[PDB]
Amino acid sequence: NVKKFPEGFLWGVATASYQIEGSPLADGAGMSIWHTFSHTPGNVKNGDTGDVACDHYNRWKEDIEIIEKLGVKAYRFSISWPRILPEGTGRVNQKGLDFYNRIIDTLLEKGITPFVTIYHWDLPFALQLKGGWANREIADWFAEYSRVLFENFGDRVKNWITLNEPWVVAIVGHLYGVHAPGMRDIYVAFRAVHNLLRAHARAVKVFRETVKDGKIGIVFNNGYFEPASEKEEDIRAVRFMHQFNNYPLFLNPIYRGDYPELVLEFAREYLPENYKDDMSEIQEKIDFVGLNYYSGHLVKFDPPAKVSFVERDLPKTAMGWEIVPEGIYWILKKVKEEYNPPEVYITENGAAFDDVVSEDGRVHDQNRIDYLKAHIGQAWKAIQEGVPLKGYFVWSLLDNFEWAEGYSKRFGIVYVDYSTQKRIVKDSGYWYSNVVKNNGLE
Ligand SMILES: *[C@H]1O[C@H](CO)[C@@H](O)[C@H](O)[C@H]1F
């Protein structure tokens, strides 16, 4: 019944710069790849872009006041690299720093803990013209950007995330071409894997030199994969998927100094020739792992990657994603088993549903409450069995720009009416507000 969480526990909400801010070119900001990608015809559902989004660039104080009012203790947000360095390196844009300075000061004043994601997918367009994640030099560009953030904010911000979901950045951005920069080349995609690791390790290195009382980690996407059958090949296709799609792709290098075994079987041809020379620097020690989780997937060997998904009955979200709450427990347990990081946070968990405002003026998203409650329950369980889970972040505070899905997927615990920019706290937000005050369930 009563599920009480440890005394430190960070109850959070999460967003990302391009998904909420709008005004991408205000105050001397450079273009990002998401600006140019979403302005290209055919890339994003309905032609949506981040031009306006939630207009958080102007409504930031109101949004933080919502966090405060809700009593949420932690806010995960990201910094737009091209607001800070419009050409990606070199010149620093003081007006960009001032924007994030105001948010950071406001959160602190109100006793909310800022968790800053350095990179959440809005690469400066000027760097994409030099190859972006494909170019080894990005490890230097990233290091320089990080240094600027640390020097300017590291006095007040003490919790930092280098990369958001590097699997997505590499594979969805450069192999599937579904996300910026919209490329479909498997050799580029694995070079981007590798460069993401090198840039992450370089930023951690600079962090130790500039923020000596801080903590820094990295965030990965994960699915709960289960075999279709009990056949050998099926259980194996599952071991491939976990190793490729989940945290091992990056944590195997960071903790063991090489890519996971089945990843090398499939992908050694696509990785740079002497990639191993980079591994010792890649092992730079991190303070925490962020794990994201939304769903589970039935999979079977199928004679690309030799793997297919099979649709299951099971309730789904508006994303079409299977609701499998024990996934979050499984992934929490697995991460302890495989690499034993000293701290873990759930950095994303949530759901998209076809929310509507009822005539009573409220959003009755019982479907999201049920979703959040089940998963918070599974994360509690993991804590009872010794996973050092220190925090939990709902994706998202606000309905926002859902990348190639545009505004048509609503993940917020607060509804946004895009025609007026009005915020409506959903039932799920009130519910979560109660969970945070009680520090856990029922
Ligand atoms: C994690 O997933 C959510 C929902 O798909 C995205 O909107 C975030 O940007 C990503 F970080």
# chains A, B, ... in the order shown; residues from 1 in each chain; ligands from 1

call {"tool": "residues_around", "arguments": {"residues": "stretch 25-27 of chain A", "least_positions_apart": "3", "cutoff": "7 Å", "atoms": "only C-alpha atoms", "output": "mmCIF file with N, CA, C and O atoms, in the first residue's frame"}}
result
data_model
loop_
_atom_site.group_PDB
_atom_site.id
_atom_site.type_symbol
_atom_site.label_atom_id
_atom_site.label_comp_id
_atom_site.auth_asym_id
_atom_site.auth_seq_id
_atom_site.Cartn_x
_atom_site.Cartn_y
_atom_site.Cartn_z
ATOM 1 N N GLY A 30 22.238 31.642 -33.009
ATOM 2 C CA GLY A 30 22.445 31.013 -34.312
ATOM 3 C C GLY A 30 21.339 30.003 -34.587
ATOM 4 O O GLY A 30 20.654 29.534 -33.674
ATOM 5 N N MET A 31 21.148 29.662 -35.854
ATOM 6 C CA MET A 31 20.294 28.543 -36.233
ATOM 7 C C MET A 31 20.812 27.204 -35.623
ATOM 8 O O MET A 31 22.021 26.989 -35.535
ATOM 9 N N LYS A 95 23.438 37.534 -24.258
ATOM 10 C CA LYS A 95 21.990 37.489 -24.110
ATOM 11 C C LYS A 95 21.464 36.063 -23.942
ATOM 12 O O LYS A 95 20.480 35.849 -23.242
#

call {"tool": "residues_near_ligand", "arguments": {"ligand": "ligand 1", "cutoff": "8 Å", "atoms": "only C-alpha atoms and all ligand atoms", "output": "list in words"}}
result
residues 15, 16, 19, 120, 164, 165, 221, 292, 348, 350, 351, 395, 396, 400, 401, 402, 403 and 411 of chain A

call {"tool": "write_last_selection", "arguments": {"atoms": "N, CA and C atoms", "output": "PDB file, in the first residue's frame"}}
result
ATOM      1  N   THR A  15      12.141  19.017 -19.341  1.00  0.00           N
ATOM      2  CA  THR A  15      11.887  19.568 -20.662  1.00  0.00           C
ATOM      3  C   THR A  15      13.139  19.586 -21.493  1.00  0.00           C
ATOM      4  N   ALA A  16      13.020  20.157 -22.706  1.00  0.00           N
ATOM      5  CA  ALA A  16      14.178  20.431 -23.563  1.00  0.00           C
ATOM      6  C   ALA A  16      13.996  21.753 -24.322  1.00  0.00           C
ATOM      7  N   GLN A  19      12.142  22.019 -27.689  1.00  0.00           N
ATOM      8  CA  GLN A  19      10.752  21.544 -27.562  1.00  0.00           C
ATOM      9  C   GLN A  19       9.771  22.543 -26.883  1.00  0.00           C
ATOM     10  N   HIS A 120      20.839  18.547 -25.870  1.00  0.00           N
ATOM     11  CA  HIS A 120      19.558  17.861 -26.087  1.00  0.00           C
ATOM     12  C   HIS A 120      19.110  18.178 -27.542  1.00  0.00           C
ATOM     13  N   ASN A 164      21.897  14.004 -23.965  1.00  0.00           N
ATOM     14  CA  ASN A 164      20.607  13.346 -23.870  1.00  0.00           C
ATOM     15  C   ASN A 164      20.525  12.326 -24.955  1.00  0.00           C
ATOM     16  N   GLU A 165      20.330  11.056 -24.582  1.00  0.00           N
ATOM     17  CA  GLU A 165      20.035   9.956 -25.498  1.00  0.00           C
ATOM     18  C   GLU A 165      20.908   9.879 -26.757  1.00  0.00           C
ATOM     19  N   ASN A 221      18.302   6.418 -23.502  1.00  0.00           N
ATOM     20  CA  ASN A 221      17.025   5.775 -23.744  1.00  0.00           C
ATOM     21  C   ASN A 221      17.102   4.223 -23.577  1.00  0.00           C
ATOM     22  N   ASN A 292      16.187   6.592 -19.132  1.00  0.00           N
ATOM     23  CA  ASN A 292      14.835   6.883 -19.602  1.00  0.00           C
ATOM     24  C   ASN A 292      14.136   5.563 -19.879  1.00  0.00           C
ATOM     25  N   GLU A 348      13.513  10.324 -17.439  1.00  0.00           N
ATOM     26  CA  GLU A 348      12.347  10.438 -18.283  1.00  0.00           C
ATOM     27  C   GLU A 348      11.412   9.284 -17.996  1.00  0.00           C
ATOM     28  N   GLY A 350       6.928   8.721 -18.691  1.00  0.00           N
ATOM     29  CA  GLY A 350       5.697   9.420 -18.925  1.00  0.00           C
ATOM     30  C   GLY A 350       4.976   8.838 -20.091  1.00  0.00           C
ATOM     31  N   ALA A 351       3.962   9.544 -20.552  1.00  0.00           N
ATOM     32  CA  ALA A 351       3.082   9.002 -21.562  1.00  0.00           C
ATOM     33  C   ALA A 351       2.422  10.091 -22.388  1.00  0.00           C
ATOM     34  N   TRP A 395       8.563  13.091 -17.792  1.00  0.00           N
ATOM     35  CA  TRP A 395       8.541  13.771 -19.094  1.00  0.00           C
ATOM     36  C   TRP A 395       7.060  13.854 -19.439  1.00  0.00           C
ATOM     37  N   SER A 396       6.474  15.054 -19.444  1.00  0.00           N
ATOM     38  CA  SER A 396       7.159  16.355 -19.349  1.00  0.00           C
ATOM     39  C   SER A 396       6.364  17.284 -18.430  1.00  0.00           C
ATOM     40  N   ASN A 400       4.440  19.693 -25.488  1.00  0.00           N
ATOM     41  CA  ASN A 400       5.475  20.439 -26.215  1.00  0.00           C
ATOM     42  C   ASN A 400       5.717  19.902 -27.653  1.00  0.00           C
ATOM     43  N   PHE A 401       6.741  20.410 -28.342  1.00  0.00           N
ATOM     44  CA  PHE A 401       7.065  19.965 -29.721  1.00  0.00           C
ATOM     45  C   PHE A 401       7.681  18.583 -29.647  1.00  0.00           C
ATOM     46  N   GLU A 402       6.956  17.555 -30.075  1.00  0.00           N
ATOM     47  CA  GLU A 402       7.482  16.189 -30.024  1.00  0.00           C
ATOM     48  C   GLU A 402       8.257  15.784 -31.297  1.00  0.00           C
ATOM     49  N   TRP A 403       9.313  16.553 -31.600  1.00  0.00           N
ATOM     50  CA  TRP A 403      10.222  16.221 -32.684  1.00  0.00           C
ATOM     51  C   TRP A 403       9.490  15.920 -34.031  1.00  0.00           C
ATOM     52  N   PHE A 411       2.718  15.011 -23.978  1.00  0.00           N
ATOM     53  CA  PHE A 411       3.305  14.261 -22.859  1.00  0.00           C
ATOM     54  C   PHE A 411       3.173  14.994 -21.514  1.00  0.00           C
TER      55      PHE A 411
END

call {"tool": "residues_around", "arguments": {"residues": "residue A:264", "least_positions_apart": "6", "cutoff": "10 Å", "atoms": "only C-alpha atoms", "output": "VMD selection string"}}
result
chain A and resid 244 249 258 270 to 271

call {"tool": "write_last_selection", "arguments": {"atoms": "N, CA, C and O atoms", "output": "compact mmCIF listing (two decimals), in the first residue's frame"}}
result
# COMPACT_ATOMS: atom_id res chain seq x y z
N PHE A 244 22.35 -2.88 -28.07
CA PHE A 244 22.41 -1.83 -29.11
C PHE A 244 21.52 -0.63 -28.75
O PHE A 244 21.96 0.52 -28.75
N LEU A 249 25.45 0.11 -25.01
CA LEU A 249 26.17 0.73 -26.13
C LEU A 249 27.16 1.77 -25.66
O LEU A 249 28.28 1.87 -26.20
N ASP A 258 35.20 -0.91 -24.11
CA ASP A 258 34.94 -1.38 -25.48
C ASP A 258 33.44 -1.43 -25.70
O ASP A 258 32.69 -1.32 -24.74
N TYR A 270 31.60 -0.68 -39.40
CA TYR A 270 31.09 0.70 -39.54
C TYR A 270 31.82 1.66 -38.62
O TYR A 270 31.75 2.86 -38.80
N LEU A 271 32.58 1.13 -37.67
CA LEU A 271 33.27 1.97 -36.70
C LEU A 271 34.61 2.39 -37.22
O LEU A 271 35.18 1.70 -38.06

call {"tool": "closest_atom_pairs", "arguments": {"of": "stretch 276-309 of chain A", "to": "stretch 330-343 of chain A", "cutoff": "7 Å", "atoms": "only C-alpha atoms", "output": "JSON lines"}}
result
{"residue": "A:287", "atom": "CA", "partner": "A:343", "partner_atom": "CA", "distance": 6.7}
{"residue": "A:288", "atom": "CA", "partner": "A:343", "partner_atom": "CA", "distance": 4.7}
{"residue": "A:289", "atom": "CA", "partner": "A:343", "partner_atom": "CA", "distance": 6.5}

call {"tool": "residues_around", "arguments": {"residues": "residue A:117", "least_positions_apart": "4", "cutoff": "10 Å", "atoms": "only C-alpha atoms", "output": "VMD selection string"}}
result
chain A and resid 14 to 17 76 to 80 159 to 164 216 to 219

call {"tool": "write_last_selection", "arguments": {"atoms": "N, CA, C and O atoms", "output": "PDB file, in the first residue's frame"}}
result
ATOM      1  N   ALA A  14      10.811  17.364 -16.382  1.00  0.00           N
ATOM      2  CA  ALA A  14      11.816  17.532 -17.415  1.00  0.00           C
ATOM      3  C   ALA A  14      11.299  18.183 -18.720  1.00  0.00           C
ATOM      4  O   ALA A  14      10.174  17.933 -19.137  1.00  0.00           O
ATOM      5  N   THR A  15      12.141  19.017 -19.341  1.00  0.00           N
ATOM      6  CA  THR A  15      11.887  19.568 -20.662  1.00  0.00           C
ATOM      7  C   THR A  15      13.139  19.586 -21.493  1.00  0.00           C
ATOM      8  O   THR A  15      14.200  19.109 -21.050  1.00  0.00           O
ATOM      9  N   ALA A  16      13.020  20.157 -22.706  1.00  0.00           N
ATOM     10  CA  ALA A  16      14.178  20.431 -23.563  1.00  0.00           C
ATOM     11  C   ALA A  16      13.996  21.753 -24.322  1.00  0.00           C
ATOM     12  O   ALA A  16      12.864  22.106 -24.699  1.00  0.00           O
ATOM     13  N   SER A  17      15.097  22.486 -24.491  1.00  0.00           N
ATOM     14  CA  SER A  17      15.111  23.847 -25.076  1.00  0.00           C
ATOM     15  C   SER A  17      14.279  23.988 -26.375  1.00  0.00           C
ATOM     16  O   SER A  17      13.311  24.765 -26.439  1.00  0.00           O
ATOM     17  N   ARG A  76      14.741  19.357 -14.692  1.00  0.00           N
ATOM     18  CA  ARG A  76      15.640  19.021 -15.759  1.00  0.00           C
ATOM     19  C   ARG A  76      15.314  19.874 -16.975  1.00  0.00           C
ATOM     20  O   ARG A  76      14.250  19.708 -17.566  1.00  0.00           O
ATOM     21  N   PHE A  77      16.225  20.746 -17.357  1.00  0.00           N
ATOM     22  CA  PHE A  77      16.082  21.487 -18.566  1.00  0.00           C
ATOM     23  C   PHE A  77      17.370  21.482 -19.379  1.00  0.00           C
ATOM     24  O   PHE A  77      18.434  21.051 -18.878  1.00  0.00           O
ATOM     25  N   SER A  78      17.276  21.889 -20.645  1.00  0.00           N
ATOM     26  CA  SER A  78      18.459  21.914 -21.508  1.00  0.00           C
ATOM     27  C   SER A  78      18.786  23.300 -22.001  1.00  0.00           C
ATOM     28  O   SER A  78      17.941  24.214 -21.995  1.00  0.00           O
ATOM     29  N   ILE A  79      20.045  23.455 -22.396  1.00  0.00           N
ATOM     30  CA  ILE A  79      20.556  24.705 -22.887  1.00  0.00           C
ATOM     31  C   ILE A  79      20.753  24.582 -24.390  1.00  0.00           C
ATOM     32  O   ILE A  79      21.325  23.602 -24.882  1.00  0.00           O
ATOM     33  N   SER A  80      20.235  25.580 -25.104  1.00  0.00           N
ATOM     34  CA  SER A  80      20.403  25.669 -26.547  1.00  0.00           C
ATOM     35  C   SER A  80      21.849  26.087 -26.899  1.00  0.00           C
ATOM     36  O   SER A  80      22.211  27.255 -26.754  1.00  0.00           O
ATOM     37  N   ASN A 159      24.363  19.934 -10.820  1.00  0.00           N
ATOM     38  CA  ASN A 159      23.968  18.660 -11.412  1.00  0.00           C
ATOM     39  C   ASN A 159      23.871  18.813 -12.932  1.00  0.00           C
ATOM     40  O   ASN A 159      23.125  19.647 -13.418  1.00  0.00           O
ATOM     41  N   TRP A 160      24.672  18.039 -13.669  1.00  0.00           N
ATOM     42  CA  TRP A 160      24.912  18.326 -15.088  1.00  0.00           C
ATOM     43  C   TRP A 160      24.804  17.031 -15.850  1.00  0.00           C
ATOM     44  O   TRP A 160      25.225  15.986 -15.335  1.00  0.00           O
ATOM     45  N   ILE A 161      24.235  17.098 -17.050  1.00  0.00           N
ATOM     46  CA  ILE A 161      24.130  15.947 -17.979  1.00  0.00           C
ATOM     47  C   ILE A 161      24.769  16.350 -19.307  1.00  0.00           C
ATOM     48  O   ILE A 161      24.387  17.387 -19.869  1.00  0.00           O
ATOM     49  N   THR A 162      25.738  15.555 -19.787  1.00  0.00           N
ATOM     50  CA  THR A 162      26.446  15.880 -21.019  1.00  0.00           C
ATOM     51  C   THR A 162      25.539  15.752 -22.239  1.00  0.00           C
ATOM     52  O   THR A 162      25.241  16.769 -22.888  1.00  0.00           O
ATOM     53  N   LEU A 163      25.075  14.519 -22.494  1.00  0.00           N
ATOM     54  CA  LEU A 163      24.283  14.148 -23.675  1.00  0.00           C
ATOM     55  C   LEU A 163      22.947  13.587 -23.265  1.00  0.00           C
ATOM     56  O   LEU A 163      22.862  12.744 -22.357  1.00  0.00           O
ATOM     57  N   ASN A 164      21.897  14.004 -23.965  1.00  0.00           N
ATOM     58  CA  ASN A 164      20.607  13.346 -23.870  1.00  0.00           C
ATOM     59  C   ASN A 164      20.525  12.326 -24.955  1.00  0.00           C
ATOM     60  O   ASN A 164      20.554  12.694 -26.145  1.00  0.00           O
ATOM     61  N   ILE A 216      28.249  15.127 -12.480  1.00  0.00           N
ATOM     62  CA  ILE A 216      27.971  15.021 -13.907  1.00  0.00           C
ATOM     63  C   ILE A 216      27.716  13.593 -14.346  1.00  0.00           C
ATOM     64  O   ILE A 216      28.385  12.656 -13.905  1.00  0.00           O
ATOM     65  N   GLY A 217      26.727  13.431 -15.222  1.00  0.00           N
ATOM     66  CA  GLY A 217      26.360  12.133 -15.746  1.00  0.00           C
ATOM     67  C   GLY A 217      25.920  12.232 -17.199  1.00  0.00           C
ATOM     68  O   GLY A 217      26.297  13.182 -17.915  1.00  0.00           O
ATOM     69  N   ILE A 218      25.136  11.257 -17.622  1.00  0.00           N
ATOM     70  CA  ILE A 218      24.741  11.099 -19.032  1.00  0.00           C
ATOM     71  C   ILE A 218      23.465  10.263 -19.069  1.00  0.00           C
ATOM     72  O   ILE A 218      23.261   9.441 -18.193  1.00  0.00           O
ATOM     73  N   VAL A 219      22.609  10.486 -20.079  1.00  0.00           N
ATOM     74  CA  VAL A 219      21.250   9.954 -20.102  1.00  0.00           C
ATOM     75  C   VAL A 219      21.065   9.084 -21.310  1.00  0.00           C
ATOM     76  O   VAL A 219      21.411   9.478 -22.439  1.00  0.00           O
TER      77      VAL A 219
END

call {"tool": "decode", "arguments": {"residues": "stretch 317-333 of chain A", "atoms": "N, CA and C atoms", "output": "tab-separated table (two decimals), in the first residue's frame"}}
result
chain	number	residue	atom	x	y	z
A	317	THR	N	-0.08	3.66	-25.61
A	317	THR	CA	-0.24	5.11	-25.52
A	317	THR	C	-0.59	5.65	-26.92
A	318	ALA	N	-0.78	6.96	-27.05
A	318	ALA	CA	-1.00	7.58	-28.36
A	318	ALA	C	0.21	7.42	-29.27
A	319	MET	N	1.39	7.21	-28.71
A	319	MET	CA	2.57	6.87	-29.52
A	319	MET	C	2.50	5.46	-30.16
A	320	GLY	N	1.56	4.64	-29.70
A	320	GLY	CA	1.51	3.24	-30.10
A	320	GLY	C	2.45	2.38	-29.28
A	321	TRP	N	2.90	2.91	-28.13
A	321	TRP	CA	3.91	2.25	-27.31
A	321	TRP	C	3.24	1.34	-26.26
A	322	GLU	N	3.68	0.09	-26.18
A	322	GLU	CA	3.13	-0.88	-25.22
A	322	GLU	C	3.47	-0.53	-23.77
A	323	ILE	N	2.43	-0.42	-22.95
A	323	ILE	CA	2.53	-0.09	-21.53
A	323	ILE	C	2.95	-1.32	-20.71
A	324	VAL	N	4.24	-1.39	-20.36
A	324	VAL	CA	4.82	-2.54	-19.65
A	324	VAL	C	5.61	-2.09	-18.43
A	325	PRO	N	4.92	-1.83	-17.33
A	325	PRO	CA	5.53	-1.14	-16.19
A	325	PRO	C	6.73	-1.84	-15.59
A	326	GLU	N	6.75	-3.17	-15.61
A	326	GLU	CA	7.88	-3.91	-15.01
A	326	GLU	C	9.20	-3.72	-15.76
A	327	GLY	N	9.14	-3.04	-16.91
A	327	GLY	CA	10.32	-2.66	-17.65
A	327	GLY	C	11.20	-1.73	-16.86
A	328	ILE	N	10.60	-0.75	-16.21
A	328	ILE	CA	11.38	0.23	-15.47
A	328	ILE	C	12.14	-0.42	-14.30
A	329	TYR	N	11.52	-1.44	-13.71
A	329	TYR	CA	12.15	-2.21	-12.64
A	329	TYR	C	13.27	-3.05	-13.25
A	330	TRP	N	12.98	-3.75	-14.34
A	330	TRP	CA	13.99	-4.56	-15.00
A	330	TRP	C	15.25	-3.76	-15.37
A	331	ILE	N	15.07	-2.62	-16.04
A	331	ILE	CA	16.19	-1.81	-16.47
A	331	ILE	C	16.96	-1.23	-15.27
A	332	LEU	N	16.25	-0.89	-14.20
A	332	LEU	CA	16.95	-0.44	-13.01
A	332	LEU	C	17.81	-1.55	-12.41
A	333	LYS	N	17.30	-2.78	-12.43
A	333	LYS	CA	18.01	-3.91	-11.85
A	333	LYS	C	19.19	-4.27	-12.72
